[PDB]
>>> print(open('data_5.pdb').read())   # PDB, C-alpha atoms
MODEL        1
ATOM      1  CA  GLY A   1      25.590  28.817  92.765
ATOM      2  CA  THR A   2      27.284  29.211  89.395
ATOM      3  CA  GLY A   3      25.335  26.176  88.163
ATOM      4  CA  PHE A   4      21.921  27.666  88.915
ATOM      5  CA  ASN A   5      19.574  28.187  85.951
ATOM      6  CA  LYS A   6      21.953  26.209  83.702
ATOM      7  CA  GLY A   7      24.805  28.622  84.348
ATOM      8  CA  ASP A   8      27.303  38.616  46.805
ATOM      9  CA  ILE A   9      25.727  41.562  44.979
ATOM     10  CA  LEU A  10      27.620  44.866  44.500
ATOM     11  CA  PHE A  11      30.598  42.742  43.447
ATOM     12  CA  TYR A  12      31.270  41.870  39.810
ATOM     13  CA  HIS A  13      28.817  44.725  39.145
ATOM     14  CA  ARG A  14      30.864  47.899  39.693
ATOM     15  CA  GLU A  15      30.747  50.814  37.278
ATOM     16  CA  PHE A  16      32.755  49.954  34.172
ATOM     17  CA  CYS A  17      34.096  53.514  33.744
TER      18      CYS A  17
ATOM     19  CA  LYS B   1      25.230  37.031  14.554
ATOM     20  CA  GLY B   2      21.888  38.279  13.234
ATOM     21  CA  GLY B   3      21.620  41.094  15.770
ATOM     22  CA  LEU B   4      18.462  39.726  17.423
ATOM     23  CA  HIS B   5      19.077  41.166  20.880
ATOM     24  CA  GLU B   6      15.474  40.775  22.068
ATOM     25  CA  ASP B   7      15.308  37.068  21.227
ATOM     26  CA  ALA B   8      18.680  36.443  22.882
ATOM     27  CA  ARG B   9      17.504  38.227  26.033
ATOM     28  CA  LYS B  10      14.275  36.201  26.040
ATOM     29  CA  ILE B  11      16.204  32.934  25.684
ATOM     30  CA  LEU B  12      18.614  33.968  28.441
ATOM     31  CA  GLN B  13      15.753  34.775  30.816
ATOM     32  CA  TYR B  14      14.011  31.496  29.962
ATOM     33  CA  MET B  15      17.131  29.409  30.586
ATOM     34  CA  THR B  16      17.826  31.309  33.814
ATOM     35  CA  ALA B  17      14.253  30.705  35.012
ATOM     36  CA  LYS B  18      14.844  26.917  34.931
ATOM     37  CA  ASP B  19      17.824  26.852  37.342
ATOM     38  CA  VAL B  20      20.344  26.435  34.506
ATOM     39  CA  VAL B  21      23.732  28.115  34.904
ATOM     40  CA  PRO B  22      24.522  29.731  31.531
ATOM     41  CA  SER B  23      27.792  28.892  29.818
ATOM     42  CA  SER B  24      30.476  31.382  28.817
ATOM     43  CA  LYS B  25      29.675  30.970  25.113
ATOM     44  CA  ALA B  26      25.987  31.785  25.644
ATOM     45  CA  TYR B  27      26.889  34.918  27.605
ATOM     46  CA  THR B  28      29.310  35.931  24.851
ATOM     47  CA  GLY B  29      26.521  35.447  22.322
ATOM     48  CA  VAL B  30      24.043  37.597  24.222
ATOM     49  CA  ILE B  31      26.741  40.244  24.802
ATOM     50  CA  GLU B  32      27.473  40.442  21.080
ATOM     51  CA  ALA B  33      23.729  40.482  20.359
ATOM     52  CA  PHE B  34      23.253  43.517  22.607
ATOM     53  CA  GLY B  35      26.286  45.216  21.055
ATOM     54  CA  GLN B  36      24.833  44.866  17.554
ATOM     55  CA  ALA B  37      21.947  47.205  18.447
ATOM     56  CA  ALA B  38      24.227  49.722  20.244
ATOM     57  CA  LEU B  39      22.767  48.644  23.611
ATOM     58  CA  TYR B  40      26.073  49.001  25.426
ATOM     59  CA  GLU B  41      24.544  49.059  28.915
ATOM     60  CA  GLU B  42      22.832  45.677  28.501
ATOM     61  CA  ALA B  43      26.011  44.136  27.079
ATOM     62  CA  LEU B  44      28.015  45.470  30.031
ATOM     63  CA  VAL B  45      25.394  44.153  32.466
ATOM     64  CA  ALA B  46      25.631  40.703  30.872
ATOM     65  CA  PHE B  47      29.440  40.867  30.980
ATOM     66  CA  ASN B  48      29.298  41.732  34.685
ATOM     67  CA  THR B  49      26.810  38.903  35.276
ATOM     68  CA  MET B  50      29.282  36.509  33.628
ATOM     69  CA  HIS B  51      31.644  36.754  36.602
ATOM     70  CA  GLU B  52      28.813  36.499  39.147
ATOM     71  CA  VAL B  53      27.734  33.028  37.972
ATOM     72  CA  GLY B  54      31.349  31.885  37.582
ATOM     73  CA  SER B  55      31.289  31.905  33.763
ATOM     74  CA  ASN B  56      34.659  33.559  33.218
ATOM     75  CA  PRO B  57      35.144  35.588  30.020
ATOM     76  CA  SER B  58      36.978  34.082  27.060
ATOM     77  CA  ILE B  59      38.822  35.499  24.063
ATOM     78  CA  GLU B  60      35.575  35.487  22.060
ATOM     79  CA  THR B  61      33.890  37.651  24.706
ATOM     80  CA  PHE B  62      36.698  40.214  24.534
ATOM     81  CA  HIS B  63      36.566  40.176  20.728
ATOM     82  CA  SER B  64      32.811  40.800  20.790
ATOM     83  CA  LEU B  65      33.199  43.622  23.319
ATOM     84  CA  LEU B  66      35.984  45.231  21.284
ATOM     85  CA  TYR B  67      34.009  45.055  18.033
ATOM     86  CA  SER B  68      30.863  46.427  19.689
ATOM     87  CA  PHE B  69      32.763  49.333  21.254
ATOM     88  CA  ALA B  70      34.684  50.001  18.026
ATOM     89  CA  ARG B  71      31.499  50.236  15.956
ATOM     90  CA  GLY B  72      30.236  53.058  18.174
ATOM     91  CA  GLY B  73      33.566  54.871  18.419
ATOM     92  CA  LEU B  74      33.842  54.405  22.202
ATOM     93  CA  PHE B  75      37.632  54.285  22.199
ATOM     94  CA  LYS B  76      37.889  54.955  25.943
ATOM     95  CA  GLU B  77      36.111  51.639  26.466
ATOM     96  CA  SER B  78      38.507  50.212  23.869
ATOM     97  CA  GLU B  79      41.585  51.217  25.869
ATOM     98  CA  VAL B  80      39.935  50.054  29.106
ATOM     99  CA  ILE B  81      39.365  46.640  27.517
ATOM    100  CA  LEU B  82      42.946  46.631  26.202
ATOM    101  CA  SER B  83      44.198  47.296  29.737
ATOM    102  CA  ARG B  84      41.982  44.454  30.965
ATOM    103  CA  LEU B  85      43.505  42.162  28.330
ATOM    104  CA  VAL B  86      47.087  43.155  29.150
ATOM    105  CA  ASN B  87      46.596  42.609  32.884
ATOM    106  CA  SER B  88      44.872  39.309  32.060
ATOM    107  CA  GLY B  89      47.963  38.197  30.114
ATOM    108  CA  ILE B  90      45.988  37.005  27.076
ATOM    109  CA  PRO B  91      47.950  37.307  23.799
ATOM    110  CA  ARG B  92      46.690  39.969  21.399
ATOM    111  CA  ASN B  93      45.742  38.587  17.987
ATOM    112  CA  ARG B  94      44.908  40.580  14.857
ATOM    113  CA  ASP B  95      41.342  41.024  16.134
ATOM    114  CA  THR B  96      42.479  43.204  19.038
ATOM    115  CA  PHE B  97      44.710  45.320  16.791
ATOM    116  CA  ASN B  98      42.177  45.922  14.026
ATOM    117  CA  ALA B  99      39.371  46.487  16.544
ATOM    118  CA  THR B 100      41.544  49.194  18.105
ATOM    119  CA  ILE B 101      42.252  50.598  14.629
ATOM    120  CA  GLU B 102      38.571  50.879  13.733
ATOM    121  CA  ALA B 103      37.686  52.170  17.212
ATOM    122  CA  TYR B 104      40.114  55.060  16.771
ATOM    123  CA  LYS B 105      38.924  55.509  13.175
ATOM    124  CA  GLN B 106      35.273  55.894  14.182
ATOM    125  CA  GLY B 107      36.361  58.070  17.105
ATOM    126  CA  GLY B 108      38.197  60.405  14.734
ATOM    127  CA  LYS B 109      41.658  59.893  16.276
ATOM    128  CA  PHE B 110      43.478  59.394  12.986
ATOM    129  CA  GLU B 111      46.955  60.063  14.400
ATOM    130  CA  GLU B 112      46.503  57.542  17.208
ATOM    131  CA  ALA B 113      44.978  55.157  14.656
ATOM    132  CA  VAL B 114      48.096  55.212  12.480
ATOM    133  CA  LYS B 115      50.251  55.030  15.625
ATOM    134  CA  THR B 116      48.459  51.820  16.602
ATOM    135  CA  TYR B 117      48.780  50.603  13.003
ATOM    136  CA  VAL B 118      52.564  50.991  13.018
ATOM    137  CA  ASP B 119      52.692  49.488  16.526
ATOM    138  CA  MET B 120      50.898  46.417  15.161
ATOM    139  CA  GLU B 121      53.261  46.282  12.180
ATOM    140  CA  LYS B 122      56.262  46.452  14.525
ATOM    141  CA  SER B 123      55.613  43.360  16.637
ATOM    142  CA  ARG B 124      54.038  40.464  14.727
ATOM    143  CA  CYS B 125      50.981  39.013  12.910
ATOM    144  CA  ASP B 126      50.059  39.531   9.256
ATOM    145  CA  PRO B 127      47.318  42.118   8.622
ATOM    146  CA  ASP B 128      44.311  40.591   6.895
ATOM    147  CA  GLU B 129      42.064  42.324   4.367
ATOM    148  CA  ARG B 130      40.146  43.819   7.295
ATOM    149  CA  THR B 131      43.180  45.709   8.623
ATOM    150  CA  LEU B 132      43.972  47.274   5.248
ATOM    151  CA  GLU B 133      40.263  48.028   4.808
ATOM    152  CA  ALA B 134      40.250  49.866   8.143
ATOM    153  CA  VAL B 135      43.399  51.837   7.327
ATOM    154  CA  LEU B 136      41.980  52.740   3.905
ATOM    155  CA  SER B 137      38.731  53.899   5.517
ATOM    156  CA  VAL B 138      40.543  56.035   8.092
ATOM    157  CA  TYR B 139      42.741  57.531   5.352
ATOM    158  CA  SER B 140      39.724  58.351   3.172
ATOM    159  CA  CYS B 141      37.864  59.885   6.113
ATOM    160  CA  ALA B 142      40.811  62.177   6.914
ATOM    161  CA  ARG B 143      41.058  63.750   3.428
ATOM    162  CA  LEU B 144      44.137  61.877   2.164
ATOM    163  CA  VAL B 145      43.793  60.912  -1.501
ATOM    164  CA  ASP B 146      47.472  60.026  -1.982
ATOM    165  CA  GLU B 147      47.703  57.377   0.744
ATOM    166  CA  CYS B 148      44.317  56.034  -0.359
ATOM    167  CA  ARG B 149      45.371  55.569  -3.986
ATOM    168  CA  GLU B 150      48.733  54.095  -2.946
ATOM    169  CA  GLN B 151      47.059  51.515  -0.700
ATOM    170  CA  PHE B 152      44.415  50.841  -3.365
ATOM    171  CA  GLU B 153      46.977  50.085  -6.071
ATOM    172  CA  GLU B 154      49.066  48.056  -3.612
ATOM    173  CA  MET B 155      46.235  45.857  -2.318
ATOM    174  CA  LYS B 156      44.646  45.102  -5.705
ATOM    175  CA  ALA B 157      47.963  43.632  -6.912
ATOM    176  CA  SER B 158      47.429  40.503  -4.776
ATOM    177  CA  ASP B 159      44.536  39.162  -6.924
ATOM    178  CA  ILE B 160      42.056  39.313  -4.054
ATOM    179  CA  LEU B 161      38.926  40.353  -6.004
ATOM    180  CA  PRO B 162      38.640  43.779  -4.326
ATOM    181  CA  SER B 163      35.484  44.040  -2.247
ATOM    182  CA  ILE B 164      32.617  46.530  -2.227
ATOM    183  CA  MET B 165      34.178  48.418   0.690
ATOM    184  CA  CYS B 166      37.298  49.562  -1.171
ATOM    185  CA  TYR B 167      35.350  50.664  -4.253
ATOM    186  CA  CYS B 168      32.803  52.613  -2.203
ATOM    187  CA  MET B 169      35.552  54.240  -0.127
ATOM    188  CA  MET B 170      37.405  55.239  -3.301
ATOM    189  CA  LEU B 171      34.229  56.709  -4.783
ATOM    190  CA  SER B 172      33.691  58.663  -1.558
ATOM    191  CA  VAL B 173      37.238  60.036  -1.391
ATOM    192  CA  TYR B 174      37.216  60.937  -5.098
ATOM    193  CA  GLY B 175      33.904  62.739  -4.627
ATOM    194  CA  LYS B 176      35.427  64.678  -1.735
ATOM    195  CA  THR B 177      37.842  66.431  -4.121
ATOM    196  CA  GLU B 178      35.493  66.372  -7.151
ATOM    197  CA  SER B 179      37.711  63.934  -9.056
ATOM    198  CA  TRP B 180      35.055  63.189 -11.655
ATOM    199  CA  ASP B 181      37.667  61.728 -14.012
ATOM    200  CA  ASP B 182      38.823  59.266 -11.343
ATOM    201  CA  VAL B 183      35.205  58.410 -10.507
ATOM    202  CA  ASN B 184      34.485  57.712 -14.177
ATOM    203  CA  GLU B 185      37.632  55.638 -14.719
ATOM    204  CA  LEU B 186      36.780  53.524 -11.673
ATOM    205  CA  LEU B 187      33.167  53.166 -12.832
ATOM    206  CA  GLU B 188      34.232  52.003 -16.300
ATOM    207  CA  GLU B 189      35.929  48.912 -14.853
ATOM    208  CA  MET B 190      33.283  48.627 -12.115
ATOM    209  CA  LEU B 191      30.289  48.338 -14.459
ATOM    210  CA  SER B 192      31.270  45.073 -16.163
ATOM    211  CA  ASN B 193      32.688  43.038 -13.251
ATOM    212  CA  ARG B 194      32.472  39.656 -14.996
ATOM    213  CA  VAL B 195      33.467  37.800 -11.811
ATOM    214  CA  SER B 196      30.793  38.809  -9.289
ATOM    215  CA  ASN B 197      27.213  40.060  -9.489
ATOM    216  CA  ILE B 198      27.084  42.301  -6.400
ATOM    217  CA  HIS B 199      29.637  44.737  -7.842
ATOM    218  CA  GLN B 200      27.796  44.886 -11.166
ATOM    219  CA  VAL B 201      24.450  45.522  -9.464
ATOM    220  CA  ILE B 202      25.774  48.273  -7.199
ATOM    221  CA  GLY B 203      27.749  49.926 -10.002
ATOM    222  CA  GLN B 204      24.719  50.013 -12.281
ATOM    223  CA  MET B 205      22.372  51.234  -9.543
ATOM    224  CA  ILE B 206      24.595  54.057  -8.245
ATOM    225  CA  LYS B 207      24.645  55.602 -11.731
ATOM    226  CA  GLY B 208      20.834  55.488 -11.830
ATOM    227  CA  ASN B 209      20.302  52.595 -14.250
ATOM    228  CA  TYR B 210      18.345  50.517 -11.702
ATOM    229  CA  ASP B 211      16.081  53.253 -10.288
ATOM    230  CA  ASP B 212      13.042  51.864 -12.134
ATOM    231  CA  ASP B 213      10.522  49.746 -10.244
ATOM    232  CA  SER B 214      11.293  46.672 -12.352
ATOM    233  CA  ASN B 215      15.029  47.445 -12.223
ATOM    234  CA  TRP B 216      15.185  47.896  -8.429
TER     235      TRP B 216
ENDMDL
END
>>> encode(input="data_5.pdb", output="structure tokens")
Amino acid sequence: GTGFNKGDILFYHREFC
Amino acid sequence: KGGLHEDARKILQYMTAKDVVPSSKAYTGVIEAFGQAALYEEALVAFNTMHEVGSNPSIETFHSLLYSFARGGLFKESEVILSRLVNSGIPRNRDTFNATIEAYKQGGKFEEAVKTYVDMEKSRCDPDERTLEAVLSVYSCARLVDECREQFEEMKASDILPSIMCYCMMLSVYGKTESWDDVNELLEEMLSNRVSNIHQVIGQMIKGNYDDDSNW
């Protein structure tokens, strides 16, 4: 039954502007 | 300090290649090294890398950035950095004020330069010789002999052994208006200069007395 078959770049690097 | 950007970059890459997290002071040093040679992009990249490795910026880093941007006249970067400082809450010492002064001076914004000068005079801190040097330079650049001579006679009354910068700026501004009499009367006291040797050497060489091979 139901038991069958076992059931960070790009940051701190932005454009300074 | 010596403006050896390449060597600083090599040392930074070497110390990064050995799994060593750089300190804030080292990053400040490499940032100022890149700023000496007008390599603004590399300095900004290093500044951005500071936050990535957790090495937060210090007051020395902001001073180096401000001086580097002021040398090149990039006053937009100067006001961006000032906004960064004000939202960071760090107190503004004389370095921030005079860096802003010289940034606006090199950028040609004389009116905003004197506005920032009087803003600095309003709040606090005592201007050093560098601040008066910057204001004298910006006055001489913007064709103002009267303010220049007033500041010159005011500053030399403090017995400070006036530096090369003031004398050269006065010679420049007097040559702007062809004030040959003023140039000569400054040179007469400049030639002797019993105190220091640098002033004597430069005063003799500008007049052409040191142009010889043995005299150069």
>>> resolve_selection(input="data_5.pdb", expression="the PyMOL selection byres ((chain A) within 12 of (chain B))", output="list in words")
residues 8, 9, 10, 11, 12, 13, 14, 15, 16 and 17 of chain A
>>> atom_distance(input="data_5.pdb", atom1="CA of residue 129 (chain B)", atom2="CA of residue 173 (chain B)")
19.2 Å
>>> resolve_selection(input="data_5.pdb", expression="the PyMOL selection byres ((chain B and resi 137) around 12)", output="JSON, numbers by chain")
{"B": [101, 102, 103, 104, 105, 106, 108, 110, 113, 114, 130, 131, 132, 133, 134, 135, 136, 138, 139, 140, 141, 142, 143, 144, 145, 147, 148, 149, 151, 152, 165, 166, 167, 168, 169, 170, 171, 172, 173]}
>>> residues_around(input="data_5.pdb", residues="region 54-70 of chain B", least_positions_apart="4", cutoff="7 Å", atoms="all atoms listed in the file", output="PyMOL selection string")
chain B and resi 23-24+28+32+35-36+50+74-75+77-78+95-96+99-100+102-103
>>> atom_distance(input="data_5.pdb", atom1="CA of residue 89 (chain B)", atom2="CA of residue 30 (chain B)")
24.6 Å
>>> residues_around(input="data_5.pdb", residues="residue 215 (chain B)", least_positions_apart="2", cutoff="12 Å", atoms="all atoms listed in the file", output="PyMOL selection string")
chain B and resi 201-202+204-205+208-213
>>> write_last_selection(input="data_5.pdb", atoms="C-alpha atoms", output="compact mmCIF listing (two decimals), keeping the file's coordinate frame")
# COMPACT_ATOMS: atom_id res chain seq x y z
CA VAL B 201 24.45 45.52 -9.46
CA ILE B 202 25.77 48.27 -7.20
CA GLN B 204 24.72 50.01 -12.28
CA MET B 205 22.37 51.23 -9.54
CA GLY B 208 20.83 55.49 -11.83
CA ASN B 209 20.30 52.60 -14.25
CA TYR B 210 18.34 50.52 -11.70
CA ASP B 211 16.08 53.25 -10.29
CA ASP B 212 13.04 51.86 -12.13
CA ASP B 213 10.52 49.75 -10.24
>>> atom_distance(input="data_5.pdb", atom1="CA of residue 161 (chain B)", atom2="CA of residue 196 (chain B)")
8.9 Å
>>> axis_aligned_box(input="data_5.pdb", around="region 1-6 of chain A", padding_each_side="5 Å", output="lines of an AutoDock Vina configuration file")
center_x = 23.4
center_y = 27.7
center_z = 88.2
size_x = 17.7
size_y = 13.0
size_z = 19.1
>>> decode(input="data_5.pdb", residues="chain A", atoms="N, CA and C atoms", output="PDB file, in the first residue's frame")
ATOM      1  N   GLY A   1       0.823  -1.199   0.000  1.00  0.00           N
ATOM      2  CA  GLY A   1       0.000   0.000   0.000  1.00  0.00           C
ATOM      3  C   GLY A   1       0.858   1.249   0.000  1.00  0.00           C
ATOM      4  N   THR A   2       0.537   2.177   0.904  1.00  0.00           N
ATOM      5  CA  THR A   2       1.287   3.424   1.004  1.00  0.00           C
ATOM      6  C   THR A   2       2.710   3.224   1.510  1.00  0.00           C
ATOM      7  N   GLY A   3       3.035   2.050   2.040  1.00  0.00           N
ATOM      8  CA  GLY A   3       4.387   1.735   2.443  1.00  0.00           C
ATOM      9  C   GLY A   3       5.209   1.007   1.409  1.00  0.00           C
ATOM     10  N   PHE A   4       4.649   0.754   0.230  1.00  0.00           N
ATOM     11  CA  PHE A   4       5.379   0.061  -0.821  1.00  0.00           C
ATOM     12  C   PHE A   4       6.467   0.958  -1.397  1.00  0.00           C
ATOM     13  N   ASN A   5       7.608   0.348  -1.726  1.00  0.00           N
ATOM     14  CA  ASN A   5       8.751   1.047  -2.312  1.00  0.00           C
ATOM     15  C   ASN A   5       9.222   2.193  -1.418  1.00  0.00           C
ATOM     16  N   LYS A   6       9.217   1.952  -0.105  1.00  0.00           N
ATOM     17  CA  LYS A   6       9.629   2.941   0.893  1.00  0.00           C
ATOM     18  C   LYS A   6       8.825   4.232   0.758  1.00  0.00           C
ATOM     19  N   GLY A   7       7.510   4.084   0.652  1.00  0.00           N
ATOM     20  CA  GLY A   7       6.625   5.227   0.540  1.00  0.00           C
ATOM     21  C   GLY A   7       6.758   5.970  -0.774  1.00  0.00           C
ATOM     22  N   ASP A   8      29.945  36.527  -1.516  1.00  0.00           N
ATOM     23  CA  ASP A   8      28.857  37.057  -2.329  1.00  0.00           C
ATOM     24  C   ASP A   8      29.348  38.195  -3.216  1.00  0.00           C
ATOM     25  N   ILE A   9      29.667  37.867  -4.466  1.00  0.00           N
ATOM     26  CA  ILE A   9      30.112  38.854  -5.441  1.00  0.00           C
ATOM     27  C   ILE A   9      28.920  39.724  -5.823  1.00  0.00           C
ATOM     28  N   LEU A  10      29.188  40.834  -6.518  1.00  0.00           N
ATOM     29  CA  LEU A  10      28.191  41.810  -6.959  1.00  0.00           C
ATOM     30  C   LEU A  10      27.692  42.649  -5.789  1.00  0.00           C
ATOM     31  N   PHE A  11      28.148  42.332  -4.582  1.00  0.00           N
ATOM     32  CA  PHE A  11      27.895  43.145  -3.407  1.00  0.00           C
ATOM     33  C   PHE A  11      29.229  43.632  -2.860  1.00  0.00           C
ATOM     34  N   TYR A  12      29.213  44.834  -2.286  1.00  0.00           N
ATOM     35  CA  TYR A  12      30.422  45.581  -1.949  1.00  0.00           C
ATOM     36  C   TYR A  12      31.276  45.852  -3.181  1.00  0.00           C
ATOM     37  N   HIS A  13      30.674  45.797  -4.376  1.00  0.00           N
ATOM     38  CA  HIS A  13      31.395  46.059  -5.614  1.00  0.00           C
ATOM     39  C   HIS A  13      30.558  46.854  -6.610  1.00  0.00           C
ATOM     40  N   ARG A  14      29.521  47.549  -6.149  1.00  0.00           N
ATOM     41  CA  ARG A  14      28.684  48.335  -7.040  1.00  0.00           C
ATOM     42  C   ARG A  14      29.476  49.499  -7.629  1.00  0.00           C
ATOM     43  N   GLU A  15      28.878  50.151  -8.622  1.00  0.00           N
ATOM     44  CA  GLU A  15      29.501  51.322  -9.221  1.00  0.00           C
ATOM     45  C   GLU A  15      29.523  52.464  -8.214  1.00  0.00           C
ATOM     46  N   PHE A  16      30.691  53.089  -8.054  1.00  0.00           N
ATOM     47  CA  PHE A  16      30.839  54.135  -7.048  1.00  0.00           C
ATOM     48  C   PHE A  16      29.974  55.347  -7.372  1.00  0.00           C
ATOM     49  N   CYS A  17      29.909  55.727  -8.648  1.00  0.00           N
ATOM     50  CA  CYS A  17      29.125  56.876  -9.098  1.00  0.00           C
ATOM     51  C   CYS A  17      29.528  58.157  -8.374  1.00  0.00           C
TER      52      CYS A  17
END
